[PDB]
Amino acid sequence: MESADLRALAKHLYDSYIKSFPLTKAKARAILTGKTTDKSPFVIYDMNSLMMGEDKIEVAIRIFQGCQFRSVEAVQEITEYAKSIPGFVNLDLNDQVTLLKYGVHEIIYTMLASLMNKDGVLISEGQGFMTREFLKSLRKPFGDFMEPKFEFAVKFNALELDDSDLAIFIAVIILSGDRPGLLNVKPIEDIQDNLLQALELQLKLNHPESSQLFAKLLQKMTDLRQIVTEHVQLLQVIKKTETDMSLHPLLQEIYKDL
Amino acid sequence: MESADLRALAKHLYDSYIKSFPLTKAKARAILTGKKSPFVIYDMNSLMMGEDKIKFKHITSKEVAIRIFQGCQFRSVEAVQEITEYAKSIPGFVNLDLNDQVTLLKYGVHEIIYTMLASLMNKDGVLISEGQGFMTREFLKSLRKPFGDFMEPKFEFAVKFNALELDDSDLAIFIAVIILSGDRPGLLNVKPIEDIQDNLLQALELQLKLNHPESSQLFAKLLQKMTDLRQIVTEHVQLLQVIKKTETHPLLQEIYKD
Ligand SMILES: CNC(=O)c1cccc(COc2cc(C(=O)O)ccc2-c2nn(C(=O)c3c(Cl)cccc3C(F)(F)F)c3ccc(Cl)cc23)c1
Ligand SMILES: CNC(=O)c1cccc(COc2cc(C(=O)O)ccc2-c2nn(C(=O)c3c(Cl)cccc3C(F)(F)F)c3ccc(Cl)cc23)c1
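Student: Help me understand the overall build of chain B in this model?
Tutor: Helix and strand counts for chain B stand at 11 helices and 4 strands. For the C-alpha atoms alone, the extent of chain B along its principal axes is close to 60 × 45 × 30 Å.

Structure below.
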């Protein structure tokens, strides 16, 4: 509630976020813009360059399986970040699981934007860069499955948030009291109110020329709710066709109840 | 510096909101709570008496559930016109590209109807006919085949939304923010719609602080409710689709086309 206490919370969440996530937005921006000789990624834009890149760093399943592996690693990183949110580990254990169950996808998408520009996405911890054209041009259902992630990222990235903002935003998402099945909504909201207070002040101080960025950033939490919906309705269709494909037990369990 | 300008905008939207809308939330609350007693519809027989007393302009299907459905349609058509006239009083709206005016209303009316319908609802039923009637939630929820499940989500939303305890002066600004959404599909000139929405957001923010000083982060919680609004309108149109395909004058068809 007091200003020094809110800045204190912001520093705690940023320092923790740096510790939980291996590749920040600031390092990703440095790789994506370039002018550097040491951080230059190998670019995959077609089938042949994908074969060479595996020596350096079916095709559509192999790329899909690559996304699965990272999303599982991301859920692990998000779970570790979540534990550091003051108050989270003190909630009813069922609500802990329930907040994570519905929060990871909205967060995975948000942080996936940090790795993208309009032309592609960083992979292999930034050693690689796979183009948007190549992904969107994958066959049958997989092409249309990759592109909405880019469509979201382009719009989210125009807000020009940095990592210090995202650490607080990611926390507000996790601590949503409107998830289905929560047992005690009140203590989750009390945490979110503080986190929101912390976000508002962080955004006011860090982005003082950006009018009403707080309101605009909460409205992006709208776009995320719908985009996760589309994602799970498209993934369900894809498993019905690709009898081979299987999902990591961690992702499996999140999607069992959607 | 701009604070008085924002209170002026809040008063401008409040005075207009009273003129545009037949039954305010403050008048509806007095009816539902007790402080001219309305006619109560709880079942089939009392519905026939209510239409035989109150002149339901919409009655020419002999079935009960279709006749209630058709009553909601007729009132929604009136609300679209009420919202359309209120929109003209939002500073800057009439100066927009006529196509953008049409587009903002086309995509906004549903979220607004849902929002203001909450003003007429409590956990036990809904006001109709300018407050002269009161139709119970049990009766509506228990209508047959798809009609029961179509009525109830509106109550489930209203109960949660009304927990914020907004009054008409708050709602006048909130409604305006919705209309002026710069992300509607097909807008030709987004900038001045966002420029107006930024003003409206500032005015809502200060209004909510002055009017609700004990309610922490109510501004945030109110924006988070526009999440609930996009999703429930999505389900709503997918439910109308099932009702048009399973159930059923071309002129009447044409009036209700949207
Ligand atoms: C051989 N190819 C690769 O190694 C590779 C190719 C392209 C992209 C990537 C990185 O992909 C992500 C990274 C991160 C991260 O580094 O934090 C986070 C997310 C993705 C990513 N999830 N996702 C999904 O579909 C997905 C999502 Cl959103 C959420 C939950 C579950 C899944 C999935 F299980 F079903 F995959 C993507 C779709 C398209 C794109 Cl472009 C990226 C992703 C590696
Ligand atoms: C003779 N009157 C009746 O028979 C009757 C029976 C029950 C309720 C009502 C009032 O109904 C509304 C009033 C107002 C208002 O006074 O401001 C505003 C909205 C409704 C109302 N729209 N809606 C819809 O379905 C709907 C919605 Cl949400 C949005 C857009 C379009 C539609 C529709 F076009 F498709 F109808 C309802 C569903 C359930 C309930 Cl309980 C109320 C409503 C009158």
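There's plenty left to go through after this.
Student: What should I look at first to understand the interface of chain B and chain A in this one?
Tutor: A common way to report how large an interface is uses the accessible area buried once the components associate. Contact residues are listed per partner, giving 17 residues for chain B and 17 residues for chain A. Elements with a minimum of two residues in the side of chain B that touches chain A: α9 (191–211) and α10 (218–246) of chain B. Per element, the largest residue contribution to the side of chain B that touches chain A is 9 residues, and it comes from α10 of chain B. Grouping the constituent residues of the side of chain B that touches chain A by class yields 5 nonpolar, 7 polar and 5 charged.

Student: Even after reading the chapter, I still don't get the UniProt feature "binding site: rosiglitazone" in chain B, so can you show me in this structure?
Tutor: Residue and element names in this part refer to chain B. Per the UniProt record, "binding site: rosiglitazone" is found at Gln73, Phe74, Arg75, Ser76, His110, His236 and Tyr256. With respect to the secondary-structure elements, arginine 75 resides in helix α4 (residues 64–87). In this view, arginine 75 contacts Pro22 and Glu82; residues no more than four positions away in its chain are not counted. Relative to the elements of secondary structure, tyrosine 256 occurs in the segment after α11 (250–255). Leaving out residues up to four positions away in the same chain, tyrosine 256 has contacts with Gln73, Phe74 and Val77.

Student: What is the right way to read the UniProt feature "short sequence motif: 9aaTAD" in chain B from this model?
Tutor: Mapped onto this numbering, the UniProt entry gives "short sequence motif: 9aaTAD" at residues 250–258 of chain B. For residues 250–258 of chain B, the end-to-end C-alpha separation is 14 Å, with 67% helix and 0% strand making up the annotated structure.

Student: Even after reading the chapter, I still don't get the sheet that holds strand β3 (residues 125–128) of chain B, so can you show me in this structure?
Tutor: What holds strands together in a sheet is hydrogen bonding between their backbones, with the strands either parallel or antiparallel. Taken together, 4 strands build an open sheet; the order of strands is β1-β4-β3-β2 (chain B) and the sheet is mixed. If you trace the sheet from one side to the other, it starts and ends with β1 (39–41) and β2 (121–122) of chain B, each paired once.

Student: Quick question: what am I supposed to make of the environment of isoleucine 179 of chain B here?
Tutor: Residue and element names in this part refer to chain B. Of note, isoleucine 179 is situated in helix α8 (residues 168–179). In the structure, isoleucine 179 is positioned 76 residues away from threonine 103 in sequence and 9.6 Å away in space, judged by C-alpha atoms. Beyond its immediate sequence surroundings of up to four residues, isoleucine 179 is in contact with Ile83, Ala87, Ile90, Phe93, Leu104, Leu105 and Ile112.

Student: So what exactly am I meant to see when it comes to unusual backbone geometry here?
Tutor: Both trends apply: most residues other than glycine have a negative phi, and most peptide bonds are in trans. In the Ramachandran plot, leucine 258 of chain A falls in the positive-phi region, its phi being about 70° despite a non-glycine side chain. Its place among the elements puts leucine 258 of chain A in the segment after α11 (249–256). A positive phi is found at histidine 58 of chain B, a non-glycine position, where the angle reads about 155°. With respect to the helices, strands and loops of the structure, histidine 58 of chain B is situated in the loop between α3 (44–53) and α4.

Student: Sorry, what's going on with the sheet that holds strand β1 (residues 42–44) of chain A here?
Tutor: Residue and element names in this part refer to chain A. With mixed pairing, 4 strands are arranged side by side in an open sheet as β1-β4-β3-β2. Among the strands making up the open sheet, the edge pair consists of β1 and β2 (116–117). Bridging between strand β3 (residues 120–123) and strand β4 (residues 128–131) involves 4 bridges; their strand directions are antiparallel. Across the sheet, the residue bridging to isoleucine 123 is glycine 128, located in β4.

Student: When you look at the UniProt feature "short sequence motif: 9aaTAD" in chain A in this model, what are you seeing that I'm missing?
Tutor: Here, UniProt's "short sequence motif: 9aaTAD" annotation points to residues 249–257 of chain A. In the segment residues 249–257 of chain A, helix accounts for 89% and strand for 0%; the C-alpha atoms at its two ends are 13 Å apart.

Student: Teacher, can you tell me more about the UniProt feature "binding site: rosiglitazone" in chain A here?
Tutor: All names here are of chain A. The UniProt record marks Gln68, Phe69, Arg70, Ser71, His105, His231 and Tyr255 with the feature "binding site: rosiglitazone", using the residue numbering of this structure. Summarising the element assignment, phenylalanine 69 is placed in helix α4 (residues 59–83). Secondary-structure assignment places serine 71 in helix α4.

Student: Even after reading the chapter, I still don't get the pattern of salt bridges, so can you show me in this structure?
Tutor: Side chains that carry opposite charge are capable of pairing whenever their charged atoms lie near each other. Residues and elements named next belong to chain A. Residue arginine 70 pairs with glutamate 73 through a salt bridge whose shortest N-O separation is 3.0 Å. Placement of the pair is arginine 70 and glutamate 73 together in helix α4, with a separation of 3 residues, close to one helical turn. For the salt bridge of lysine 118 with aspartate 119, the shortest nitrogen-to-oxygen distance reads 3.7 Å. Here the salt bridges share partners, and the residues they tie into one network are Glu106, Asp178, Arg179 and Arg225.

Student: Would you take a moment to explain the packing of helix α1 (residues 3–20) of chain B against α8 of chain B for this structure?
Tutor: Two quantities define a packed helix pair, namely the angle between the axes and the distance from one axis to the other. Residues and elements named next belong to chain B. Remark: α1 packs on α8, axes separated minimally by 8 Å, with the N-to-C direction vectors making an angle of 100°. What the angle tells us is that α1 and α8 run roughly perpendicular. Counted together, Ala10, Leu13, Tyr14 and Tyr17 of α1 and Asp168, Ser169, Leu171, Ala172, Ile173, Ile175 and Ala176 of α8 form the full contact between these two elements. Broken down by class, the residue content of the contact of α1 with α8 amounts to 9 nonpolar, 1 polar and 1 charged.

Student: Would you mind going over the packing of helix α10 (residues 213–241) of chain A against α9 of chain B with me for this structure?
Tutor: Between α10 of chain A and α9 of chain B, the least distance of the axes is 10 Å, while the angle of their chain directions is 105°. Here α10 of chain A lies roughly perpendicular to α9 of chain B, going by the angle between them. Residues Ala215, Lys216 and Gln219 of chain A of α10 of chain A pack against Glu194, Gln197, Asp198 and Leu201 of chain B of α9 of chain B. Class assignment of the residues belonging to the contact of α10 of chain A with α9 of chain B gives a composition of 2 nonpolar, 2 polar and 3 charged.

Student: Which parts of the structure should I look at to understand the packing of aromatic side chains?
Tutor: In this description, a pair of aromatic rings is defined by centroid distance and the angle of the planes. When the centroid spacing of 6.2 Å and the interplanar angle of 85° are considered together, the rings of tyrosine 17 of chain A and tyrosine 81 of chain A count as edge-to-face. Taking 5.6 Å as the distance between ring centres and 45° as the angle between the ring planes, the aromatic pair formed by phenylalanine 21 of chain A and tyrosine 81 of chain A counts as tilted. Through pairs of rings, three or more aromatic residues link up here, namely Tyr109, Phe152, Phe156 and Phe169 of chain A. Between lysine 149 of chain A and the ring centre of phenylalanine 145 of chain A, over which it is positioned, the NZ or CZ distance is 3.9 Å. One residue, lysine 154 of chain B, lies across the ring of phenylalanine 150 of chain B, its end atom 3.7 Å from the ring centre.

Student: Hey, could you run me through the side chain of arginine 132 of chain A in this one?
Tutor: Residue and element names in this part refer to chain A. When you line up the elements, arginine 132 lands in helix α6 (residues 132–136). Side chain to side chain, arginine 132 and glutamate 147 meet in a polar contact 2.8 Å long. When sequence neighbours within four positions are dropped, the list of residues in contact with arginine 132 reads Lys118, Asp119, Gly120, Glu147, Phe150, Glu151 and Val154.

What counts, and at which threshold
- Residues numbered from 1 in each chain as written, not as in the entry; some residues may be left out.
- Chains lettered and ligands numbered in written order.
- Heavy atoms only, no water.
- Residues with missing side-chain atoms left out of burial classes, pairs and counts.
- Helix = DSSP H or I, 4+ residues; strand = E, 2+ residues; numbered from the N terminus.
- Contact = heavy atoms within 4.5 Å.
- Nonpolar A, V, L, I, M, F, W, Y, C, P; charged D, E, K, R; others polar.
- UniProt positions renumbered as here; feature names shortened; annotations may be inferred.
- Pairing = 2+ DSSP bridges.
- Salt bridge = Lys/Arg side-chain N within 4 Å of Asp/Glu carboxyl O.
- Axes fitted to C-alpha atoms, helices over the stretch in contact; angles between N-to-C directions.
- Parallel < 35°, antiparallel > 145°, perpendicular 65-115°, else oblique.
- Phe/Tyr/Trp six-rings, centres within 6.5 Å; stacked < 30°, edge-to-face > 60°.
- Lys NZ or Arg CZ within 6 Å of the ring centre and 35° of its normal.
- Polar contact = N/O pair within 3.5 Å; in protein donor to acceptor, adjacent residues only side chain to side chain.

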